[PDB]
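These notes are about the structure you will find just below.
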Amino acid sequence: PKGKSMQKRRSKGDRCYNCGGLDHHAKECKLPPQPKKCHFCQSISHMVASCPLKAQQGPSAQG
RNA sequence: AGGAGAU
Ligand SMILES: [Zn+2]
Ligand SMILES: [Zn+2]
């Protein structure tokens with residue numbers, strides 16, 4: 001698992017909330033309604049909001 | 001860090 005810093009945001013700076021493409025958004029996607037995945041390990045099991053990795057990769061101290 | 005395009 002790897003990536004870069006990001007936050008709960010909208011529009012530019014993020015991608016289609018359904019597939020992960022940039023030329024469109026989740027409401028203009030061209031595939032069926034996918035499960036959204038952890039922005040950190042892509043595990044649908046949980047969310048980055050609970051990623052078992054970030055707990056020791058970037059647990060931060062502010063939110 | 002959790003949805004819908006500024007949070
Ligand atoms: Zn898409
Ligand atoms: Zn995760």
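Chain labels follow the order of the structure tokens: the first chain is A, the next B, and so on; residue numbering restarts at 1 in every chain, and ligands are counted from 1 in their shown order.
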Practice item. Hey, list the chain A side of the contact with chain B: 6 Å cut-off, only C-alpha atoms (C1' of nucleotides), answer as a list in words. Key: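 Every residue meeting the condition is included here: residues 7, 8, 9, 10, 11 and 49 of chain A.
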Report as a PyMOL selection string which protein, DNA and RNA residues come within 10 Å of ligand 2, using only C-alpha atoms (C1' of nucleotides) and all ligand atoms. chain A and resi 1+37-55
Selected residues, N, CA and C atoms, written as an mmCIF file, in the first residue's frame, please.
data_model
loop_
_atom_site.group_PDB
_atom_site.id
_atom_site.type_symbol
_atom_site.label_atom_id
_atom_site.label_comp_id
_atom_site.auth_asym_id
_atom_site.auth_seq_id
_atom_site.Cartn_x
_atom_site.Cartn_y
_atom_site.Cartn_z
ATOM 1 N N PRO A 1 0.818 -1.221 0.000
ATOM 2 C CA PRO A 1 0.000 0.000 0.000
ATOM 3 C C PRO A 1 0.847 1.265 0.000
ATOM 4 N N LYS A 37 -13.564 2.254 -1.689
ATOM 5 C CA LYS A 37 -12.506 1.567 -0.966
ATOM 6 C C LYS A 37 -11.729 2.536 -0.093
ATOM 7 N N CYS A 38 -11.017 1.970 0.882
ATOM 8 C CA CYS A 38 -10.071 2.696 1.699
ATOM 9 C C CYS A 38 -9.111 3.463 0.790
ATOM 10 N N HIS A 39 -9.024 4.783 0.966
ATOM 11 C CA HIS A 39 -8.115 5.641 0.217
ATOM 12 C C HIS A 39 -6.658 5.358 0.581
ATOM 13 N N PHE A 40 -6.405 4.269 1.316
ATOM 14 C CA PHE A 40 -5.108 4.020 1.903
ATOM 15 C C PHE A 40 -4.588 2.609 1.645
ATOM 16 N N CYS A 41 -5.486 1.624 1.584
ATOM 17 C CA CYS A 41 -5.109 0.255 1.256
ATOM 18 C C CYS A 41 -6.081 -0.378 0.250
ATOM 19 N N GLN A 42 -7.060 0.414 -0.203
ATOM 20 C CA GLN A 42 -8.109 0.021 -1.133
ATOM 21 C C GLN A 42 -8.935 -1.170 -0.638
ATOM 22 N N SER A 43 -8.988 -1.374 0.682
ATOM 23 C CA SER A 43 -9.791 -2.424 1.281
ATOM 24 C C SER A 43 -11.201 -1.906 1.551
ATOM 25 N N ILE A 44 -12.199 -2.424 0.822
ATOM 26 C CA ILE A 44 -13.611 -2.119 1.056
ATOM 27 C C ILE A 44 -14.074 -2.554 2.444
ATOM 28 N N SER A 45 -13.330 -3.479 3.053
ATOM 29 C CA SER A 45 -13.565 -3.951 4.404
ATOM 30 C C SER A 45 -13.809 -2.770 5.342
ATOM 31 N N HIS A 46 -12.937 -1.761 5.264
ATOM 32 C CA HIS A 46 -12.980 -0.579 6.103
ATOM 33 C C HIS A 46 -12.803 0.670 5.249
ATOM 34 N N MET A 47 -12.529 1.798 5.897
ATOM 35 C CA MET A 47 -12.259 3.056 5.234
ATOM 36 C C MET A 47 -10.913 3.559 5.727
ATOM 37 N N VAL A 48 -10.307 4.514 5.023
ATOM 38 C CA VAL A 48 -9.081 5.140 5.508
ATOM 39 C C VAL A 48 -9.323 5.720 6.889
ATOM 40 N N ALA A 49 -10.595 5.990 7.179
ATOM 41 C CA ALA A 49 -11.001 6.521 8.453
ATOM 42 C C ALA A 49 -10.735 5.526 9.580
ATOM 43 N N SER A 50 -10.360 4.307 9.196
ATOM 44 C CA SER A 50 -10.108 3.213 10.116
ATOM 45 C C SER A 50 -8.999 2.309 9.596
ATOM 46 N N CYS A 51 -8.246 2.754 8.579
ATOM 47 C CA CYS A 51 -7.235 1.886 7.985
ATOM 48 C C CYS A 51 -6.317 1.321 9.070
ATOM 49 N N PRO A 52 -6.090 0.002 9.074
ATOM 50 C CA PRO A 52 -5.215 -0.646 10.035
ATOM 51 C C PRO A 52 -3.759 -0.314 9.734
ATOM 52 N N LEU A 53 -3.487 0.239 8.549
ATOM 53 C CA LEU A 53 -2.128 0.591 8.176
ATOM 54 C C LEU A 53 -1.778 1.965 8.717
ATOM 55 N N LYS A 54 -2.592 2.978 8.394
ATOM 56 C CA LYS A 54 -2.279 4.352 8.761
ATOM 57 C C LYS A 54 -2.038 4.503 10.254
ATOM 58 N N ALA A 55 -2.560 3.568 11.052
ATOM 59 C CA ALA A 55 -2.396 3.580 12.490
ATOM 60 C C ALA A 55 -0.922 3.583 12.884
#
*asked:* So that I can check the surroundings of residue 18 in chain A, please list as a PyMOL selection string every protein, DNA and RNA residue that reaches within 8 Å of it, counting only C-alpha atoms (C1' of nucleotides) and ignoring chain neighbours fewer than 4 positions away.
replied: chain A and resi 25-26+29+33-36
Kindly assemble as a tab-separated table a list of the chain A residues that lie within 8 Å of ligand 1, each paired with its nearest atom pair and their distance in Å to one decimal, using only C-alpha atoms and all ligand atoms, sorted first by chain and then by ascending residue number.
residue	atom	partner	partner_atom_place_in_ligand_line	distance
A:15	CA	ligand 1	1 (Zn)	7.7
A:16	CA	ligand 1	1 (Zn)	4.5
A:17	CA	ligand 1	1 (Zn)	6.6
A:18	CA	ligand 1	1 (Zn)	5.0
A:19	CA	ligand 1	1 (Zn)	3.8
A:20	CA	ligand 1	1 (Zn)	5.4
A:21	CA	ligand 1	1 (Zn)	5.0
A:22	CA	ligand 1	1 (Zn)	7.6
A:24	CA	ligand 1	1 (Zn)	6.3
A:25	CA	ligand 1	1 (Zn)	5.7
A:26	CA	ligand 1	1 (Zn)	5.0
A:27	CA	ligand 1	1 (Zn)	7.8
A:28	CA	ligand 1	1 (Zn)	6.9
A:29	CA	ligand 1	1 (Zn)	3.8
A:30	CA	ligand 1	1 (Zn)	6.3
A:31	CA	ligand 1	1 (Zn)	6.9
